[PDB]
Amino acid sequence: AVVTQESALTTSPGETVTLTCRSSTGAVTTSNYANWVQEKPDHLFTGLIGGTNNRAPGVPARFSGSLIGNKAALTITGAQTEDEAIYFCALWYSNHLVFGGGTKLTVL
């Protein structure tokens, strides 16, 4: 399966931005347990969300996960400058995990 994300998105501070995660096989479902992980410069990874909508501990509440139409979505409500990073989504396919190609978020 191929997992697709927006290549790059631009937002401004204090705005709301939504990143998406598409599955080549069909609609994303709760059974794909969508994860979202954040990579910051210097190869600094941080898990944000798992199982579509559950946040890992210590993750800012402005990050929320859901399913929008056929896709898994990561919404950042009130973008912060420190949110500038690369966001990877990953989908579970009944025995293995697939990562999307990542979305580079730029905050103006």
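Heads up: residue numbers just count along the shown sequence, starting at 1.
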| query | finding |
| --- | --- |
| Of 18-26 and 96-104, the stretch whose C-alpha atoms average the higher B-factor in the entry | 18-26 |
| Candidate residues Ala34, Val37, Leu74, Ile68, the one whose C-alpha B factor the record puts highest | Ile68 |
| For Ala79, the third of its chain into which the C-alpha B factor falls | middle |
| Cα B factor band for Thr11 (lowest, middle or highest third within the chain) | middle |
| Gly47 - which third its CA temperature factor falls in, relative to the rest of the chain | lowest |
